[PDB]
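Single-structure report; data block below.
Protein chains in written order, with UniProt numbering: chain A, 1 to 87; chain B, 1 to 100.
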């Protein structure tokens, strides 16, 4: 199944201790998941991501649910992102 | 080219209509207007304009405004025909420096 999208999605791959991120887009939520795991070395199964807005776990099934440039933070199966706290 | 091409037939007109980005090399407050559609086109221009030797690659294009690394070619063509692209040939100072 190759669902044809209307426009290339957009997201920002930000790491936790990298002090930087990887802005990249694509017409396939899955395609982005790979490039991110290739530049950050983070497999989908043994490694996922979490919205940097509220620490929302994101993967290849809940990534497209986010708008364009989705703050995708790096999160392996072991650490969790507290979430943009205001304390 | 007179063939009516505004949406029908492949080779659309909005296929990266040249993106005149402004490349800048750290240690030198000098921006350069470079018309490039796909990243490959921009990168090269930044190499001949900033002299990014191939020994400094992989180069890192981080936006001077935000600093997001642009190591792709599907999200850096959205900005208007003009953006501050800080070229970092694995040497130029980064646009972050713990500046959170």
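Idealized CB from N, CA, C, for every residue including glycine.
Taking CB atoms only, residue 77 of chain A has no neighbour in chain B less than 7 Å away.
Taking the Cα positions, residue 85 of chain B is about 20 Å away from residue 39 of chain A. Between residue 11 of chain A and residue 72 of chain A, the CB-CB gap stays under 7 Å. Bridge partners of residue 31 of chain B according to DSSP: B:24. Distance check between residue 77 of chain B and each of B:90, B:96, B:15 places B:15 closest, using alpha-carbon atoms only. Counting the other CB atoms within 10 Å of its CB gives residue 70 of chain A a total of 16 or more, which places it among the buried residues. Going by beta carbons, residue 73 of chain B and residue 39 of chain B fall inside the 7 Å limit. By the Cβ test, the region 80 to 99 of chain B is not in contact with the region 55 to 70 of chain A, since fewer than three Cβ pairs between them sit closer than 8 Å.
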